[PDB]
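The data below hold one chain only, encoded as structure tokens and taken in the form deposited in one PDB entry.
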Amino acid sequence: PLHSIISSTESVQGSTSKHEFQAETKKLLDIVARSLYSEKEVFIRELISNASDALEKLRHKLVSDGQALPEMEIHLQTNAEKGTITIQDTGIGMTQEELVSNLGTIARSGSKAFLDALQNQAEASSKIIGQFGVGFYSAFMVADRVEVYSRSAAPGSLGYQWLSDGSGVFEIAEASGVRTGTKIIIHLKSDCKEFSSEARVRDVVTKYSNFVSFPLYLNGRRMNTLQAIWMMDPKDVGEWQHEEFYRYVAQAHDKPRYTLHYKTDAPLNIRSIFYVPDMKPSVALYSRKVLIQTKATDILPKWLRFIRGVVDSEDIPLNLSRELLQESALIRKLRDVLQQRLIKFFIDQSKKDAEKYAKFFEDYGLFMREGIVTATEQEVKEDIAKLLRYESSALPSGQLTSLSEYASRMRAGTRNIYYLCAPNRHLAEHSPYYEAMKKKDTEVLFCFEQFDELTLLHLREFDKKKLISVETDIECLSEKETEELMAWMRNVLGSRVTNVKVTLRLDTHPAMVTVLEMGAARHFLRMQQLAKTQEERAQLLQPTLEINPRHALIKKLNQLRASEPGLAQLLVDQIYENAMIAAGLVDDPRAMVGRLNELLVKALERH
């Protein structure tokens, strides 16, 4: 049962001390270089972020002083022979005291102090990336020594020399000839020589620092060519740049069928763009124009992973390793806002273009169905349910109707939605269960796509209306001649056809097959891959065949019954298969090829 020793017998009887928490660097450097960042090559990304922050600070200072704006760029150099990578910027610069304060202290960031000493939050607060003060020390996991050439931009400041080796001790000195800005020299480790190649650095910049506000040069060439098209006015940016941007973030070659540029910032300063791929069967998270994660399976729901684009926000909380704070107290609100906006955007797409949405729905229908089944809160399913499209029995085939518009013509007296899950419309329009509903003027929705039954059962409600399935409710031949025509038909097709009746709704089809077990009809369709032997499928399904006396084939069978008994049996077996093919019960007519070939040879014997 319960056995606990919890008690409050402890008492305070000593003298209290007052001393600060101790904080050394021997273990902090080891943690940063061994157990801080999940992946190795993020160190030059952090260096580029620091350079961009310095350039932004210098630009703010220059525009505050109201003077000219000189050149400001980030230059990347990599010597393959020397095995070193050089990054140099022309930012504000750092003095002796500034170097000691920032570089020599763990987590002490001058960017945060600059932000606190800004007091406007509109000029350059959003462009400052550095917030933790540990970005620079990421270079110690790949370098045995780091050389920094930093000089402040003040009119009279002198350069300084900074040395370190990652062992918790740094030897700062004085340097001459250092130009304005900061120059960092990194000597790669023996095991980390892979960063000495230009291609790797180019890949890193394209992955992470491809949207830096300032020009970036690697060995003297500029390759950004992407000025953060999501940060400007959606009206200003054209549709031509959307295709090029989509092909980059999604790593695809097709075009986006839809373009949603969301910029309204209710919960957070969200600047996101969403694309829908054309290729029918993933969003890259950004923060202050710096990539966070390529996959980002948290900001968006799983069922919305089919879209592509980026989500950039300048106020989301980031982890120490510059990764998203998963499932934070505020991130969950972002997912609901993004899901609601995308759902609303999709609804507006259907109204403005029904045909385009129908093509879109038939391409990503499984994604919408996946969300409803996997959704937890009921009202969330209602918004996704509005995206579903179904064809009703009261409207001609080929046009899809939404669930919301289905209730528009629904009677006030009726309170439950009727849906039928069938492989195709031919079986649904002829099933006796639908005929029971067809007696009244009510309409029933038809579900054809796979997993529709699971989605409808999981949804269980729409617009305060209970979801209930129909299955859970429960010129012409003479009459005398047609009577014995079926009697012989049930002999040859006793195992397959349960019974044959009279049909007056066949314009040009000699027969149709109809089923009373649409639930088991999908079982018949699902057995087209495993164990579809002819001698077995008849018993598991047991369908009924309907024929019309107004067709030539049915009329012709009267004389062939007695004149050519051998041909009569084969022809009836052929016409029964044709009904299944027309009704869609068989995925492919491969089995009927064997008997059809042997039928035509004797059908033209006199010819």
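Just count from 1 along the sequence shown to find any residue number. Think of the rigid core as the biggest set of C-alphas that the two forms share within 1.5 Å after superposition.
No coordinates for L516 in a third or more of the other PDB entries: Result for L516: never missing in the compared entries.
Could you find out if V142 - modelled in this structure - is missing from at least a third of the other PDB entries compared that contain residues on either side? Modelled in all the others, so no.
Could you bin the unmodelled part of the deposited chain lying between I474 and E475 as none, 1 to 3, 4 to 9, or 10 or more? Missing in between: 10 or more residues.
For the step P281 to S282, what size class fits the number of deposited residues with no coordinates, none, 1 to 3, 4 to 9, or 10 or more? The entry has 10 or more unmodelled residues between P281 and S282.
The following text describes the form deposited in another entry, which does not appear among the structures shown.
Against the rigid core, a Cα displacement of 2 Å or more between the shown form and the other one applies to just one of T86, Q528, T259, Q450. Which? The only residue crossing the 2 Å threshold is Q528.
Could you check whether the CA atom of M518 moves 2 Å or more between the shown form and the other one, using the rigid core for the fit? Indeed, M518 is displaced by 2 Å or more.
Any chance the CA of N50 moves 2 angstroms or more between the shown form and the other one, core superposed? The answer is no; the displacement is under 2 Å.
Post core alignment: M437 C-alpha displaced by 2 Å or more between the shown form and the other one: Where the cores coincide, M437 still shows a C-alpha shift between the shown form and the other one that is 2 Å or more.
Might you say whether the CA atoms of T455 and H523 end up closer or farther apart in that other deposited form than in this form? Their distance differs by 3 Å or more. Here the pair is farther apart than in that other deposited form; there, closer.
Do the C-alpha atoms of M368 and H523 sit closer or farther apart in that other deposited form than they do here, given a shift of 3 Å or more? Here the pair is farther apart than in that other deposited form; there, closer.
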